[PDB]
Structures are given as C-alpha cells and as structure tokens.
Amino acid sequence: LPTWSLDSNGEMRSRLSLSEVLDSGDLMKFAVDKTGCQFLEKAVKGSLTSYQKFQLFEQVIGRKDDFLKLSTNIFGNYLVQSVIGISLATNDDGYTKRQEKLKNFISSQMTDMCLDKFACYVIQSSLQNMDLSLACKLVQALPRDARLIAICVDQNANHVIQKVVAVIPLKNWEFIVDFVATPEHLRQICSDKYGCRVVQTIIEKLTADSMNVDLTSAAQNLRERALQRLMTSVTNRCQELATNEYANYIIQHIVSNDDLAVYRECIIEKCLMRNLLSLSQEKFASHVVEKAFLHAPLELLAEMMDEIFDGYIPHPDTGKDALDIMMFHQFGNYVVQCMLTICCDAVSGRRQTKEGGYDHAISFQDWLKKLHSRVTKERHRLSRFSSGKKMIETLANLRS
C-alpha cells in the first residue's frame, strides 16, 4: 500500500479517512490488502455522503477490469459485495445505469466468475439482492454446453446453481432442468459429490410441498411439468443411480418424500422389485432398499415382503434362502432389521396400518410371525452378531 498511508514503522496509519483513500486513486491497493480492505469494509458500513458513494461506485463497480480484479480477490470480493449493496440502496439518477452496468459486467464473464473461488460469492449475492428483472439476466448468461456440467460439479460453483434455484423463478432456469435431464448429463452430474446435491436441490424446489404454496396455479403447472420431465429421466436410469456412491442419495430422497409419492412408486417398480435380494447386498443400494421398505404404499410393501419371504428359490444343496443370506450379510442384515422394526412398529401401534380402505394389521402380524419364527430357530447363530442380538432384543421388547 501507498507510502502516504503508512506511519514510521511501515504500518497503515490509524486516523485514515475514507475520503483520503477515495481521493488518492489508490483504492485498488487497499482493497487487495488484508488490513486495507478491513479498513474499507468498516468505513463503508458507516454514514456515507453522496460523493463518497459516487466514488465507490466508480472505483469498485464502475470499470469492468477493476470490478473483475476485486471480485476474484480473496479480500476484494467482500468490498465488491458491500458496494453492490450500497448501489442498490441509493436511488439517485445514476441507479439504473449502475445496475445495468453491473449486469453487463457479470453476464459477460459469467462462467469464469462462477468457477472462481471468490467471485462466486459476488454472483450469489447479486442473484438474491439485485432487482429481480436484472438478476434474471444473470441466469440467462449461464452457459448451455459442457461448461454447465463443470459448474454443477464444481466445489464452488455448485452453490451458484443452488442460489439460482433458491431465489429466481423457475421459468428462468427451466433450461437447467432440461440440461440435467439429458441422459449423459444426468449420469455425470448425479454421480458427482457436488452434482448430486445440486440435483437434490432442484428436485426439492420442483416439489409441490408446503414451501411452494405461494406459487400461482400457472406456476404450479410449470413446476409440475418440469418435475415430470426430470423424474422421467431419473426413473429411466434408476438402477444405475440407486447403486452409485453419490446418486443413491437422490433416489433415497425421492423414495422417502411423501410429496413425491407417485415417483416413489415408479422407482420401486422400475428398479427395486424383483431385485431386492441383490440390491440389499450392495453397499450403496442397500440404503435405498431400506427407504423403500420404510415408505412404500402398503400394497407395494406387501409385494416387497412377499419377495423376501417367498420370491427366491433356496440353495439347491444347503437350503439356505434369501432371508438366511440377508440376515448374515454385511449390508443385507440392516435391511432385515428394517423389515422387523417396521412390523414391530405396526403391531405396536406406532405405525398406521390403515391404507387403501382397509386395515392391513393382519399382514404385518403375518410378516412379524415369519421373522419371529426365523429368529427363534436361528437364535444361536444370530446371537454371534450385533445385528442378530439387536433383532432378538427388538422381539423381546415387543413382548413386554
């Protein structure tokens, strides 16, 4: 920083004024220095005269190159956010031009800014704070090619997409839903640590839940169609997503959410039914199988239970059956525990048994009896394992 601003011992003076810095032409040196930016930060939160604001608008958000240099700076991005806020709060004759200029600067450099570790915060704060009509234009500047995938899977940029979804009406980012829904895009994005969160956030925003009751019916129709288009793609690749280290969370979200009931049923039919024994032995998909048991409609739950109890031919030599395999499997054991807990909850009154115009308690009692009988017969082997002891305890607790 400028020598004029330094004391005898090479430190920034203590009685420095904002106007001195603004007048000096040296703001850019202060803004990228920890101590200097800290000073500016505090100074700009105070009372500002019209000319101080004017200078800040010109020097921080007035020229594209300096704006980008501050926005992409570890310290400067904070000053940029503060000045954007002041600009938005200052309804003088220059307001429209300043905001249009900011929209132009960001739009022209959208991809580069989104992927930047610091400028992404400038984008996010602009999306939620700018006049909505102008914030929509930033969304319009998002890329539509391979760069959009890069944005969705980026440790920093994914949060820009999530902000868009949070604060911008759907019509503006509907293209992102369609982009993500393309088979190859869905595969790449869902199978990524950050991308899978982006997709879950999108699904959440497209869900007709209590948080969307403020939408017009026209907007609900728009949402409904977008949700349907995305769910079709997810359902078409259900098998692949359910077994994946990251996308299994998406499938679980859908299965677990009552507001996505129709899609829950599709998924269970399309990839889980007839595959329960195999999927229950998978590290990732076993969690999906658990969610399906916990949330399936009673008619489908009955089919799932029947598949475990009766769906598979026992080993030709040993007579070991699906329940035998699952009970002692490293992942399958948790699915059987889930089945048991569900039945104990039902017969204990902790879980509603009426559905479809009938009380299914008789079914849960039947399933419970089968599990109780197996656990009784195999108690010695089961007691060797934590999972076995837990099932024995679950049944014991039910009695009393």
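The numbering used is simple: start at 1 and walk along the sequence shown.
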| property | result |
| --- | --- |
| Segment of higher mean CA temperature factor, 217 to 225 or 280 to 288 | 217 to 225 |
| Of 161 to 169 and 303 to 311, the one with larger mean CA B-factor | 303 to 311 |
| Member of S256, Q124, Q99, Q239 with the greatest C-alpha B factor (per the PDB record) | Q239 |
| C-alpha B-factor winner, where the candidates are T72, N275, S233, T207 | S233 |
| Entry-reported Cα temperature factor of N129, expressed as the chain third it lands in | middle |
| CA B-factor ranking of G85, expressed as a third of its chain | lowest |
| Chain third (lowest, middle, highest) by recorded CA B-factor, residue given as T376 | middle |
| Chain third (lowest, middle, highest) by recorded CA B-factor, residue given as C343 | middle |
| Chain-wide C-alpha B factor ranking for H329, given as lowest, middle or highest third | lowest |
